[PDB]
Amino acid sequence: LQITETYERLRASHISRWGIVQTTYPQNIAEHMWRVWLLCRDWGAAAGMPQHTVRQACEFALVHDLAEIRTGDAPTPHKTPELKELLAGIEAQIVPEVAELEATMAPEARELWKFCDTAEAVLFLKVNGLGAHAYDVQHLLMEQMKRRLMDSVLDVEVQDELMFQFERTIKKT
């Protein structure tokens, strides 16, 4: 069950996202993780967050979905609290090193990562989603991203910078 080999980790590019949403092509988790990393790096800096916090978010961004090489990527609405509890234990056996990183993340780093993880998905669908359901999902994700950010421990000035940058970015995407 545990992922221990580079040949397995390389299969990040074989793991397709958006399994219940029509898209122009099957996005893989490697391109997703790179883009989330980029957002954490750029937007963490734009928001003036401490370097140690941005570094932690970026480190997690690059590995956070590796368990999906075994589990597959499952749709957000399907990940209820009960399923997430079961998946957390399974994922900790698959990638214990990722579980350890997740357990060490500071709340501010976690909230930067989560904002960027959802933002990347909205940005992806803006270009590559097809049809009414995909459009609804894009907009639902954007609402969820904003609600989570607003209720988070991030300072309001940081929240505002993240939304400033998100909106500038999506307009040009």
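A residue's number is simply how far along the shown sequence it sits, counting from 1.
Engineer: Test of understanding: from the entry's C-alpha B-factors, which stretch has the higher mean, 105-113 or 34-42?
Structural biologist: According to the entry, 105-113 carries the higher average C-alpha B-factor.
Engineer: Which is higher on average in the deposited entry, the C-alpha temperature factors of 46-54 or of 60-68?
Structural biologist: Comparing 46-54 with 60-68, the higher mean C-alpha B-factor belongs to 46-54.
Engineer: Highest Cα B-factor in the deposition, which of 150, 21, 163, 10?
Structural biologist: The listed residue with the largest C-alpha B-factor is 150.
Engineer: For the chain shown, is the CA B-factor of residue 4 in the lowest, middle or highest third of its modelled residues?
Structural biologist: Ranked within chain, residue 4 CA B lands in the highest tercile.
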